[PDB]
Chemist: 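Questions regarding the structure given below will be posed in turn.
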Amino acid sequence: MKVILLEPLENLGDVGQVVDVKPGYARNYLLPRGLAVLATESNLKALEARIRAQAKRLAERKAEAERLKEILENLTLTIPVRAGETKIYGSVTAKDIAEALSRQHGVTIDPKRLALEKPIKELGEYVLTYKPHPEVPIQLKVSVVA
RNA sequence: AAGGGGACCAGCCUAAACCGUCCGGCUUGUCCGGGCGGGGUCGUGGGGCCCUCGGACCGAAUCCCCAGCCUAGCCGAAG
Ligand SMILES: [Mg+2]
Ligand SMILES: [Mg+2]
Ligand SMILES: [Mg+2]
Ligand SMILES: [Mg+2]
Ligand SMILES: [Mg+2]
Ligand SMILES: [Mg+2]
Ligand SMILES: [Mg+2]
Ligand SMILES: [Mg+2]
Ligand SMILES: [Mg+2]
């Protein structure tokens, strides 16, 4: 199924390009998240340089990504979690980590964009990349304590 | 089944192009979408749009009135 990419993508295409995908990919992942739209003839006519209106949005969020690459890149996130001095009783999730950063540093961050494969269960200092924009990574230190 | 002989007899309205108007969208306009109005209905192809020459008859399956008919009856020859 042909789609119009509203956002840049990795190893797939570029914003405004018409690409071919399996229908399950488009209807269950790409379209519901806004990453693409159906390449219907109405949309194709409606593509009134929609890339230009989409290249601006990507540039708009690329102003804050670098801007937040200073306030949110000059801090260590310290969160105290109940533990037996070695192992956390519960865990720290991306929402919990984002809650700490928005309540101990006053900067909102999308918990989904954090690159955290599995929640943290062991006390220690952790580093992960916050990636709100392609080619603009933001490494962030995390500290969890008793 | 076609064909032949008879009964009966009648053909119409829409979608789409294009034009207007109201409402919604934000990917804010020659934009898309949803109502409604106009326009259009065909096989000898037809229609839309542009240019030219053009420019009263037919008539309901709808409505109105009347005839007739139905639901009680009456007159009716001569031991
Ligand atoms: Mg016959
Ligand atoms: Mg009509
Ligand atoms: Mg149609
Ligand atoms: Mg309309
Ligand atoms: Mg109409
Ligand atoms: Mg024709
Ligand atoms: Mg009698
Ligand atoms: Mg009598
Ligand atoms: Mg008698």
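All chains are named by letter (A, B, ...) in the order of the sequence lines, taking the proteins before the strands, and each is independently numbered beginning at 1. Worth knowing before you read on, the calculation uses all heavy atoms, side chains too, and leaves out hydrogens, waters and symmetry mates.
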Chemist: In whole Å, measure the gap between the P atoms of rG29(B) and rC51(B) for me.
Modeler: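 Result for the P pair: 32 Å, nearest Å.
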Chemist: Please report the C-alpha distance between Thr93(A) and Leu116(A) in whole Å, then the side-chain angles of each, then the deciding distance to 0.1 Å, and finally whether the side chain to side chain contact (heavy atoms under 4.5 Å, CB included) criterion is met.
Modeler: CA-CA 8 Å; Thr93(A) 30; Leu116(A) 175 63; 5.9 Å; no
Chemist: With a 4.5 Å limit on heavy-atom distance, are the side chains of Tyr25(A) and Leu12(A) in contact?
Modeler: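 Yes; the side chains approach each other to less than 4.5 Å.
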Chemist: Is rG29(B) on the north side or the south side, where north means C1'-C2'-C3'-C4' is positive?
Modeler: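 Pucker flag: south.
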Chemist: Counting Watson-Crick and G-U wobble pairs only, both distances under 3.5 Å, name the nucleotide matched with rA15(B), or none.
Modeler: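 Result: none.
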Chemist: Using the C1' atom as the point on both nucleotides, what is the distance between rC19(B) and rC49(B), in whole Å?
Modeler: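 11 Å, rounded to whole Å.
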Chemist: Between N or O atoms, less than 3.5 Å apart, protein on one side and nucleotides 32-34 of chain B on the other: list the pairs.
Modeler:
{"residue": "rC32(B)", "atom": "OP1", "partner": "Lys45(A)", "partner atom": "NZ", "Å": "2.6"}

Chemist: Sugar of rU52(B): specify north or south by the sign of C1'-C2'-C3'-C4'.
Modeler: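 It's north.
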Chemist: North or south sugar at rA10(B), going by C1'-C2'-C3'-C4' (positive north, negative south)?
Modeler: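 The sugar ring of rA10(B) falls in the south range (negative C1'-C2'-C3'-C4' torsion).
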Chemist: Taking only the P atom of each, what is the distance from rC32(B) to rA16(B) in whole angstrom?
Modeler: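 One P to the other, the span is 15 Å.
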Chemist: Taking atom P in both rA17(B) and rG34(B), what distance in whole Å separates the two?
Modeler: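 Approximately 11 Å lies between the P atom of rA17(B) and that of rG34(B).
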Chemist: Need the pucker for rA61(B). North if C1'-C2'-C3'-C4' is positive, south if negative.
Modeler: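 Negative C1'-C2'-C3'-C4' torsion, south pucker.
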Chemist: Within the distance-only criterion (no hydrogens, no angle test), does the side chain of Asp20(A) pair as donor or acceptor with the backbone N or O of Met1(A) below 3.5 angstrom?
Modeler: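 It does hold such a pair.
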Chemist: For the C1' atoms, the ones on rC58(B) and on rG11(B), what distance do you get once it is rounded to whole angstrom?
Modeler: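 To the nearest whole Å, 15 Å.
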Chemist: Measuring only the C1' atom in each nucleotide, how far is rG25(B) from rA60(B)? A whole number of Å is fine.
Modeler: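 Approximately 46 Å lies between the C1' atom of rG25(B) and that of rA60(B).
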Chemist: Looking at CZ of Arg27(A) and CG of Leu38(A), how far apart are the two atoms once the value is rounded to the nearest 0.5 Å?
Modeler: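 Answer rounded to 0.5 Å: 10.0 Å.
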Chemist: Given the P atoms of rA56(B) and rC66(B), what is the spacing between them in whole Å?
Modeler: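 Rounded to whole Å, the distance is 33 Å.
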Chemist: Is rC18(B) a north or a south sugar when classified by the sign of torsion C1'-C2'-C3'-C4'?
Modeler: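 Pucker flag: north.
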Chemist: Can you give me the closest heavy-atom contact between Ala115(A) and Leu128(A), atom names plus distance?
Modeler: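 Taking every non-hydrogen atom into account, O-CD2, 3.3 Å.
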Chemist: Looking at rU21(B), which nucleotide sits across from it as a Watson-Crick or G-U wobble partner, both distances under 3.5 angstrom, or is there none?
Modeler: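 For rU21(B), the partner nucleotide comes out as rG35(B), under the 3.5 Å rule.
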Chemist: Taking a pair as Watson-Crick or G-U wobble with both distances under 3.5 Å, which nucleotide is matched to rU27(B)?
Modeler: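 Base partner found: none.
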Chemist: Using atom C1' of each nucleotide, how far apart are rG59(B) and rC12(B) to the nearest Å?
Modeler: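 Comparing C1' positions in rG59(B) and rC12(B) gives a spacing of 14 Å.
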Chemist: Decide yes or no on side chain to side chain contact (heavy atoms under 4.5 Å, CB included) for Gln139(A) and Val127(A), but give the supporting numbers first.
Modeler: CA-CA 7 Å; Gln139(A) 271 138 334; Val127(A) 301; 6.0 Å; no
Chemist: Indicate the atoms forming the closest heavy-atom contact of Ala65(A) with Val136(A), along with that distance.
Modeler: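 Shortest heavy-atom contact: CB-CG1, 3.8 Å.
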